[PDB]
């Protein structure tokens, strides 16, 4: 009579389809998803230091638009800029805005140190009705709008050396007056000019007399520039008019800081990986939530799903 002994393997009633080198559809006993495709929809406030810009762009917080006064000297791992943000101070542009935004984002701090520039020959602290601070005409907190002293204005020539261990970042600008109505009122002459130099660098800017399209009812503009001053170097400001002067410098730091455009709410939770859609888990090696990420994140791929077989071929009974 004897016996029979059969070798075999398990099978499951609910197999999963995976791809292989030789077959785009083969059923295995089990598989696991390698592409993260969902977010909870909130940016977790941990473990990265999140700074919600709220109504303020980084640039507005930097310049010191009154509604951004609460941002002074704050730091961030990730600054979050909201699509509802708006400017509410003097209208301006920044040639190469994107670079200034980037280098500040990356620096990861708004630490500002006031410096005493010898401003004689001019009236400091110019204000405007388009930049209301605490129910009173005002200006960008970090800028000093320099105008005449008794219908007179000599050629400014102020110096400031960098004795620190870090790069100083100076933000400064030039006023472009509407007509002669603000050419002979704040500077007392037909013409003005700004030269901001160092041992290594020179930037010179010409003011432009002309009406612009009104932005929050002002038709003049300010153009914003920057200058980095390294240790051992010195900032120099030759100005004959129209200077929007720095009140000091921002610290430049290096580290892991950045900026992200997102409208996702900030939540009280802990997630290493942030996207504009919200934080996502980072167990999987890939993700198709967003190509924009910050932190320890799965890598962005185009596929919605990639199933890794975690069992044998499923051969039902």
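Positions refer to the first chain, counted from 1.
Higher mean CA B-factor, judged across 232-240 and 107-115 from the recorded values: 232-240. For the pair 135-143 and 80-88, the mean Cα B-factor is higher in 135-143. In this structure the maximum Cα B-factor among 71, 172, 97, 187 is found at 187. As recorded in the entry, 183 carries the highest CA temperature factor of 183, 223, 102, 227.
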